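**Student:**
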Amino acid sequence: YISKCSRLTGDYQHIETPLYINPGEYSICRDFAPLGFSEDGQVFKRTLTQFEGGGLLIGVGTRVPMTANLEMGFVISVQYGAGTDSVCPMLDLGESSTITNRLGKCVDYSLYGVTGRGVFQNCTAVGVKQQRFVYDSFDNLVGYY
Amino acid sequence: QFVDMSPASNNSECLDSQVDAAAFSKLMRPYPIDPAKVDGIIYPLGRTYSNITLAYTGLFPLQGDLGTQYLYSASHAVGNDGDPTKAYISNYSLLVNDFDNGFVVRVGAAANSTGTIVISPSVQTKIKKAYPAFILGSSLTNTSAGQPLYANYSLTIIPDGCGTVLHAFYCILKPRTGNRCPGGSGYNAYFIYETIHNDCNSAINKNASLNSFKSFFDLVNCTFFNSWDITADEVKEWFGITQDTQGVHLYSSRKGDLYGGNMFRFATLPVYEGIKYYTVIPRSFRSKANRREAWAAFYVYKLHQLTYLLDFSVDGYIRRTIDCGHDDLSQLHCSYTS
Amino acid sequence: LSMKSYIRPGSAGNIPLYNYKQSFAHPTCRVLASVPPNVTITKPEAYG
Amino acid sequence: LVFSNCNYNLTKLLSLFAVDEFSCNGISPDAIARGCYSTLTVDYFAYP
Amino acid sequence: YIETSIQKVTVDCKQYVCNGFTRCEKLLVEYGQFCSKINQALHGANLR
Ligand SMILES: *[C@@H]1O[C@H](CO)[C@@H](O[C@@H]2O[C@H](CO)[C@@H](O[C@@H]3O[C@H](CO)[C@@H](O)[C@H](O)[C@H]3NC(C)=O)[C@H](O)[C@H]2NC(C)=O)[C@H](O)[C@H]1NC(C)=O
Ligand SMILES: *[C@@H]1O[C@H](CO)[C@@H](O[C@@H]2O[C@H](CO)[C@@H](O)[C@H](O)[C@H]2NC(C)=O)[C@H](O)[C@H]1NC(C)=O
Ligand SMILES: *[C@@H]1O[C@H](CO)[C@@H](O[C@@H]2O[C@H](CO)[C@@H](O)[C@H](O)[C@H]2NC(C)=O)[C@H](O)[C@H]1NC(C)=O
Ligand SMILES: *[C@@H]1O[C@H](CO)[C@@H](O)[C@H](O)[C@H]1NC(C)=O
Ligand SMILES: *[C@@H]1O[C@H](CO)[C@@H](O)[C@H](O)[C@H]1NC(C)=O
Ligand SMILES: *[C@@H]1O[C@H](CO)[C@@H](O)[C@H](O)[C@H]1NC(C)=O
Ligand SMILES: *[C@@H]1O[C@H](CO)[C@@H](O)[C@H](O)[C@H]1NC(C)=O
Ligand SMILES: *[C@@H]1O[C@H](CO)[C@@H](O)[C@H](O)[C@H]1NC(C)=O
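Chains as they are written, first to last, in PDB author numbering: chain A, 503 to 647; chain B, 21 to 358; chain C, 455 to 502; chain D, 407 to 454; chain E, 793 to 840.
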């Protein structure tokens with residue numbers, strides 16, 4: 503892992519500015535040793551062009567011994583309303599997958615990743631058909647394609 | 021895990037061209053951003069409304085912004101019926117911009133109207149739509165003198181097929197060592213060039229601009245290559261590029277609202293590195309002097325994190341917008357959300 | 455003790471589905487402990 | 407890895423890894439494991 | 793003495809709640825249907 507990533511500036515090269523990453527972003531010192539660090543505390547220097555800002559970018563890398571079993575880390579994030587298609591667990595098509603005959607009755611609907619409780623009726627088409635959900639001002643579902 | 025770009029270019033050297041930035045810089049027909057006439061508005065994602073006005077916080081352009089104006093010229097040709105000789109381009113390829121939030125593009129503004137020809141000031145002809153070409157990346161370098169070339173991985177978006185196909189490929193550009201190529205001796209500029217006779221007035225070759233691109237760079241390991249089809253027309257349109265944690269999203273008006281002009285997403289490319297710089301590739305058009313036609317400019321407005329007031333018709337499209345920070349009356353209108 | 459994460463409230467394993475689900479109607483404590491060598495509690499052949 | 411418009415087999419994911427630590431903010435594992443979502447995004451790395 | 797009026801006071805909901813901190817304002821954008829109601833109610837009371 504990278505333990506020091508800072509930008510050198512100055513005529514004497516005596517100004518260090520630590521460079522920090524934003525959430526869910528890579529590091530400018532990633533490309534110093536993409537695979538791994540051959541030795542603990544390994545130091546790399548690289549020159550930056552004028553477009554990036556210029557100076558001597560500096561990186562330091564630390565090495566931790568490998569364990570018997572490969573240990574991994576995962577960050578899982580769920581995004582709502584980012585399209586009209588969904589990610590699902592593999593499961594059989596439910597016999598409750600039709601609404602043509604239960605119009606007028608309260609049901610718990612889980613349609614393409616949007617969930618709620620409601621009563622379905624037949625109406626005339628409004629909104630853009632391409633996007634499959636019509637919402638009101640208060641972010642409540644009012645129409646479904 | 022790499023798509024293969026097997027037809028590598030065997031060209032001995034890159035094509036010669038003359039860059040003249042002053043000629044293009046002179047032309048100006050400004051298009052300030054006007055919220056009243058819906059301009060560069062990304063339709064809300066995954067949801068629609070009908071007959072209602074609300075306030076949306078997203079990526080929108082600034083009101084009354086001039087943007088940046090780009091022109092595509094014709095090619096130098098010797099003789100009335102002679103074949104084109106060399107390309108006439110601007111210095112776009114040597115300029116590096118910022119992608120900070122994303123950007124929208126007005127395309128086909130001056131369609132259906134007369135205008136001068138850049139290469140020949142005397143000639144006035146009807147203008148045609150010209151799609152832009154972009155290179156987007158996260159790190160840079162120079163050849164030796166400061167000409168800018170993109171680093172390890174770059175997203176390259178090029179129109180081809182005489183304006184009928186769009187090619188987007190995320191892959192590695194290796195400067196070729198040919199004569200007067202970027203790795204060669206005299207590197208003036210890199211550009212895409214296509215002969216009209218080869219493709220347009222024939223079975224359209226959907227690879228001409230890509231082949232021209234391969235002359236300047238080699239496509240090293242080169243993860244993915246996507247292609248969409250574009251219907252041929254002369255309607256004005258909007259294009260847009262955005263990036264977030266899901267990758268690089270592409271928006272266009274042709275996908276859903278061809279006439280109104282609202283931009284709808286059609287592609288989510290897996291480019292998660294984080295794009296910081298972009299560059300417009302000059303796109304010269306090659307044909308005889310008589311066939312020379314002027315091509316419409318395109319305007320690259322820059323997206324900012326803003327709030328607008330959006331009015332949704334019954335059909336679900338947007339017809340009125342208010343920039344909620346332009347002036348006091350706009351803020352008042354958004355405060356009452358009407 | 456190597457499957458402690460699978461006994462937590464909200465796990466996605468098979469323990470809360472087919473093995474043991476905790477009821478929160480009352481004040482509760484879930485304690486995972488280790489029997490010392492000399493304490494007389496016979497081990498099973500394995501865990502299941 | 408970004409997942410949109412697909413189905414995942416939970417039987418496999420239960421077996422291919424041995425979870426040592428859950429820590430969830432806003433969601434629980436048996437809501438990703440029983441609900442349908444517009445998009446998943448997984449950032450994976452090797453970490454001691 | 794007969795009182796005929798009160799002091800007319802109006803409030804800025806986005807300044808009283810978030811004292812110019814951009815970290816607070818971004819969380820208040822999720823709200824802001826509750827700020828307009830305060831702004832519109834006070835405008836009416838002062839108008840009357
Ligand atoms: C430049 O010239 C183009 C043709 O040379 C124009 O393209 C025309 O635009 C019209 C809209 O302004 C289209 O009308 C549409 O026709 C379809 C077909 O029946 C209807 O569904 C649509 O409702 C209708 N549009 C509206 C708003 O009612 C023409 O079909 C179209 N023709 C061609 C050949 O493309 C451009 O509009 C014109 N201006 C610009 C800025 O490009
Ligand atoms: C245009 O160029 C593309 C290169 O991206 C070609 O696609 C590849 O072509 C080679 C050569 O036949 C194949 O080996 C690859 O398998 C193709 N790529 C994929 C993803 O299939 C494309 O064939 C070219 N088209 C024309 C008309 O020349
Ligand atoms: C361009 O790249 C070069 C090397 O890739 C950078 O290095 C300097 O190049 C200039 C001439 O281009 C030389 O005069 C300097 O001596 C070089 N510096 C060193 C330390 O060797 C250069 O900084 C980059 N930028 C420009 C504008 O040339
Ligand atoms: C590109 O051309 C413009 C227009 O004259 C000029 O202002 C700019 O300095 C040029 N840039 C380079 C790098 O040549
Ligand atoms: C749309 O909303 C307005 C606002 O009240 C209303 O008067 C009108 O009846 C609605 N429908 C149409 C078709 O305009
Ligand atoms: C990116 O390109 C530069 C150009 O020299 C090279 O030094 C660097 O190693 C490349 N990055 C990677 C990760 O290979
Ligand atoms: C392309 O991939 C090969 C093998 O995966 C690797 O050796 C090579 O370095 C890669 N290209 C670049 C420019 O790194
Ligand atoms: C669990 O995974 C197995 C793979 O061996 C598969 O056959 C089974 O269908 C999965 N369970 C469900 C409910 O689909």
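Built from N, CA and C at the ideal position, the CB exists for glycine as well.
1) In the DSSP assignment, find the beta strand (DSSP E) that holds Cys507 (chain A) and state where it starts and stops.
2) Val809 (chain E) versus chain B: which residues are under 8 Å apart at the beta carbon?
3) For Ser505 (chain A), does the count of other Cβ atoms within 10 angstroms reach 16, so buried, or fall short, so exposed?
4) Going by other Cβ atoms of all chains shown within 10 Å of its Cβ, with 16 needed for buried, is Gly336 (chain B) buried or exposed?
5) On the DSSP bridge assignment, give the partners of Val545 (chain A) in chain order.
6) Taking contact to mean at least 3 C-beta pairs separated by less than 8 Å, is the stretch 490-502 of chain C in contact with the stretch 576-584 of chain A?
7) For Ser355 (chain B) and chain E, any beta-carbon pair shorter than 8 Å?
8) Just list the residues that DSSP pairs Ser612 (chain A) with in beta bridges.
9) Would you mind stating whether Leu510 (chain A) and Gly557 (chain A) have Cβ atoms separated by less than 8 Å?
10) Taking its Cβ as the centre, do 16 or more other Cβ atoms sit within 10 Å of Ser133 (chain B), making it buried, or is it exposed?
11) What in chain D is Cβ-close to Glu573 (chain A), meaning under 9 Å?
12) Please classify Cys625 (chain A) as buried or exposed, where buried requires at least 16 neighbouring CB atoms within 10 angstroms.
13) Quick one: Cα of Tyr328 (chain B) to Cα of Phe80 (chain B), how far?
14) Suppose you measure from the CA of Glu817 (chain E) to the CA of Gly432 (chain D); what does that come to, to the nearest Å?
15) Do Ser639 (chain A) and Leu323 (chain B) come within 8 Å of each other at the CB atom, strictly closer than that value?
16) Whether or not the stretch 305-325 of chain B and the stretch 121-129 of chain B are in contact is what I'm after, with contact meaning three or more pairs of Cβ atoms, one per stretch, closer than 8 Å; do they touch?
17) Is the stretch 185-197 of chain B touching the stretch 237-245 of chain B, taking contact as three or more C-beta pairs under 8 Å?
18) So does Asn31 (chain B) have its beta carbon nearer than 7 Å to some heavy atom of ligand 2?
19) What does the shell around ligand 5 hold, if a residue joins when its beta-carbon is under 7 Å from any heavy atom?
20) Quick check on DSSP: helix, strand or coil for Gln89 (chain B)?
21) I'd like to know whether the C-beta atoms of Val609 (chain A) and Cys442 (chain D) end up nearer to each other than 8 Å.
22) By Cβ distance below 6 Å, which residues in the same chain neighbour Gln21 (chain B) in space, the five residues on each side in sequence not counted?
23) Should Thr519 (chain A) be listed as close to ligand 3, given that the test is whether its C-beta is under 7 Å from any heavy atom?
24) In whole angstroms, what separates the C-alpha of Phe423 (chain D) from that of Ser456 (chain C)?
25) Expressed to the nearest angstrom, what Euclidean distance is found between the alpha-carbon atoms of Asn225 (chain B) and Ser612 (chain A)?
26) Report the three-state DSSP secondary structure of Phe119 (chain B) (helix, strand or coil).
27) For the stretch 195-211 of chain B and the stretch 154-172 of chain B, state whether three or more C-beta atom pairs, one from each stretch, are separated by less than 8 Å.
28) Taking 8 Å as the CB-CB limit, is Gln633 (chain A) close to chain B?
29) Check whether the stretch 300-315 of chain B and the stretch 151-158 of chain B are in contact - that is, three or more C-beta pairs closer than 8 Å.
30) With C-beta atoms as the reference, is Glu257 (chain B) less than 8 Å away from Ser232 (chain B)?
31) To the nearest angstrom, report how far apart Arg840 (chain E) and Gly824 (chain E) are at their CA atoms.
32) Could you tell me which residues DSSP puts in a beta bridge with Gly135 (chain B)?
33) Which chain C residues are close to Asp449 (chain D), counting only those with a beta carbon under 8 Å from its beta carbon?
34) Counting only C-beta atoms, is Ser588 (chain A) closer than 8 Å to chain D at any point?
35) Which residues bound the alpha helix (DSSP H) around residue 8 (chain B)?
36) Please decide whether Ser421 (chain D) counts as near chain A, where near means a Cβ-Cβ distance under 8 Å.
**Tutor:** Reading it off the structure:
1) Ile504 to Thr511
2) Correct list: empty, because the minimum Cβ distance to chain B is about 15 Å.
3) exposed
4) buried
5) A:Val562
6) no
7) yes
8) A:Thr617
9) yes
10) exposed
11) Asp426, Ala452, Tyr453 and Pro454
12) exposed
13) 8 Å
14) 21 Å
15) no
16) yes
17) yes
18) no
19) B:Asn71 and B:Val334
20) strand
21) no
22) none
23) no
24) 13 Å
25) 46 Å
26) coil
27) yes
28) yes
29) yes
30) no
31) 24 Å
32) B:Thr145
33) Going along chain C, no residue has its Cβ under 8 Å from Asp449 (chain D), so there is no contact; the nearest lies around 18 Å.
34) yes
35) Missing from the structure shown is residue 8 (chain B); chain B here goes from 21 to 358 and no further.
36) no
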